[PDB]
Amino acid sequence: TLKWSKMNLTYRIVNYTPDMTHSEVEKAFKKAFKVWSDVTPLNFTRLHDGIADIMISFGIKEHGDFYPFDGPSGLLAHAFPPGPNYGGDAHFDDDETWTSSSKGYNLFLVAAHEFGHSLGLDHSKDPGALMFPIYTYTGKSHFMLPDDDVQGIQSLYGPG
C-alpha cells in the first residue's frame, strides 16, 4: 500500500443504508474524516456527482469486488488502499444494523477505521487503537484518536 500524493481528497456517498437517515449518514462520515484531518494536513470534500477519490457504498453478500460480505456480524466493512479508481473506496455491510449509538454497529467508528485504510493505514496490534481489527464500543463521551493511530497517520502525512 502507498500513500496519497495529494492532501486534498474527495468522497461521495453513492448510496445509503436505510438504518439511518441520509443526514445521519452524512454527519457520521463527516465526523470520521475529521478524525484524520484534525491530525494531518489532509482535507476532505464531499461530492454529489462524478467519481471522487473515495467512493462510499453499502453492500451485502457479493457486491462486485468478489470479497463478499457475510451477513449479520462477522465482517463489518472493508476498504482499499490509496490509488486510482477502486483505491480509497469503502464498502459497508448493510446486513449490519447501523446506528448513531450502540443499537447495532456504530457507523462513525467503523467509518473512521475504514477511512484509515483508505489513507494507507494497516491494522494495528495495539488493542486500544482505532485501527485494531476487532470492533468495540467503549461508549466514551468525546472521541479521542489513540496515540498509535496518530503516529501511524502522521508517519505518512505529518501533522497540522
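Basically, rigid core = biggest C-alpha set you can superpose within 1.5 Å across the two forms. Residues carry their position along the shown sequence, with the first being 1.
Once the structures in 7 other deposited structures of this protein are superposed via the core, the pair 62-70 and 123-131 is resolved in favour of 62-70 as the more displaced stretch (C-alpha RMS).
Superposing each structure in 7 other deposited structures of this protein on the rigid core shows that the farther-lying of 95-103 and 25-33, by root-mean-square Cα distance, is 95-103. For residue 15, the fraction of other compared entries lacking coordinates, among those that model flanking residues, is zero, nowhere near a third.
Notably, residue 141 is an intermittent gap: at least a third of the other compared entries of this protein, restricted to those modelling both its neighbours, have no coordinates for it. Of the two stretches examined, 61-69 and 89-97, the record assigns the greater average C-alpha temperature factor to 61-69. For the pair 108-116 and 37-45, the record assigns the higher mean C-alpha temperature factor to 37-45. Per the deposited record, the Cα B-factor of residue 23 falls in the highest third when ranked against the other modelled residues of its chain. Placement of the Cα temperature factor of residue 141 within the chain: highest third of the modelled residues, per the deposited record.
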